[PDB]
Amino acid sequence: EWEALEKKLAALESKXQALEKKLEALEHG
Amino acid sequence: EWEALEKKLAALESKXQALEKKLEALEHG
Amino acid sequence: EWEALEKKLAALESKXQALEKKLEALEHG
Ligand SMILES: [Cl-]
Ligand SMILES: [Zn+2]
Ligand SMILES: [Zn+2]
Ligand SMILES: [Zn+2]
Ligand SMILES: [Zn+2]
């Protein structure tokens, strides 16, 4: 249970950072 | 408390995916 | 530590709200 949550959490953090860069690129272009 | 962490993670995973869907629709649309 | 997970989830939720806010301002720009 713990491991399943932490792994899902790390993946969501990586996605979060990627979407922040994507939104900035969308605004900036 | 653990159930609340699971529920928060699931709701944020869905929020995360919904935002990704709009960003991908707009950047290739 | 469960507080470490709580903190990471809170930071992701704040990032999620910040990106949604900026995307909404962009789309309505
Ligand atoms: Cl706590
Ligand atoms: Zn794309
Ligand atoms: Zn709107
Ligand atoms: Zn829209
Ligand atoms: Zn409007």
Side-chain angles (χ1 to χ4, degrees):
Chain A
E1 159 179 275
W2 165 280
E3 299 75 24
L5 192 145
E6 194 183 39
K7 193 177 177 182
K8 283 190 204 169
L9 183 53
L12 184 60
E13 292 174 313
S14 185
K15 178 183 293 313
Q17 288 177 44
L19 304 184
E20 178 167 357
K21 291 273 175 286
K22 188 168 295 293
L23 172 51
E24 286 307 291
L26 182 68
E27 171 249 89
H28 210 72
Chain B
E1 289 197 24
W2 187 265
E3 288 85 352
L5 288 172
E6 288 278 15
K7 191 179 177 192
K8 187 164 187 163
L9 172 69
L12 298 174
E13 281 177 319
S14 291
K15 188 172 178 79
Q17 293 282 358
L19 174 70
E20 181 171 356
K21 200 167 183 289
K22 289 174 82 168
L23 292 171
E24 286 294 341
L26 292 168
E27 77 180 0
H28 304 293
Chain C
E1 168 179 86
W2 295 24
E3 281 79 1
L5 300 180
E6 282 170 36
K7 279 171 238 154
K8 293 176 171 177
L9 287 159
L12 259 168
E13 175 160 33
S14 295
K15 184 186 229 60
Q17 288 161 182
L19 305 186
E20 288 172 357
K21 185 181 182 67
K22 175 61 178 289
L23 180 53
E24 191 62 340
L26 175 65
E27 291 199 69
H28 290 280

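Note: hydrogens, waters and symmetry copies are ignored here, and every other heavy atom, side chains too, is used. The sequence lines fix the lettering, A, B, ..., with proteins before strands; numbering per chain opens at 1. All ligand and atom numbering here is 1-based and tracks the order in the structure.
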Checklist entry - Excluding waters, which protein N, O or S atoms are within less than 2.8 Å of the Zn ion (ligand 4)? => result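 Only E27(C) OE1 fall inside 2.8 Å of the Zn ion (ligand 4).
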[atom1]/[X] to [atom2]/[Y] distance, rounded to the nearest 0.5 angstrom?
| X | Y | atom1 | atom2 | answer |
| --- | --- | --- | --- | --- |
| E20(C) | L19(B) | CD | CG | 6.0 Å |
| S14(A) | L9(A) | OG | CG | 11.5 Å |
| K15(A) | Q17(B) | NZ | CD | 4.5 Å |

Item to check | Shortest-distance N, O or S atom of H28(C) relative to the Zn ion (ligand 5) | outcome: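 Looking at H28(C), the N, O or S atom with the least distance to the Zn ion (ligand 5) is ND1.
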Checklist entry - Between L12(A) and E13(B), what is the shortest heavy-atom contact and its length? => result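 Shortest heavy-atom separation between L12(A) and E13(B) comes out as CD2-N, 3.8 Å.
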Item to check | Closest non-hydrogen atom pair between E1(B) and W2(C), with its separation | outcome: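 Looking at all heavy atoms of both residues, the closest pair is CB-CZ3, 4.1 Å.
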Next on the checklist: Nearest N/O/S atom of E24(B) with respect to the Zn ion (ligand 2), by atom name, please.
Outcome noted: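 Closest N, O or S atom of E24(B) to the Zn ion (ligand 2): OE1.
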Pair up each side-chain donor or acceptor in residues 22-29 of chain C with any protein partner under 3.5 Å, not counting sequence neighbours, and list the distances.
residue: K22(C); atom: NZ; partner: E24(A); partner atom: OE2; Å: 2.9
residue: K22(C); atom: NZ; partner: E27(A); partner atom: OE2; Å: 2.8
residue: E24(C); atom: OE1; partner: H28(C); partner atom: NE2; Å: 3.4
residue: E24(C); atom: OE2; partner: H28(C); partner atom: NE2; Å: 2.8

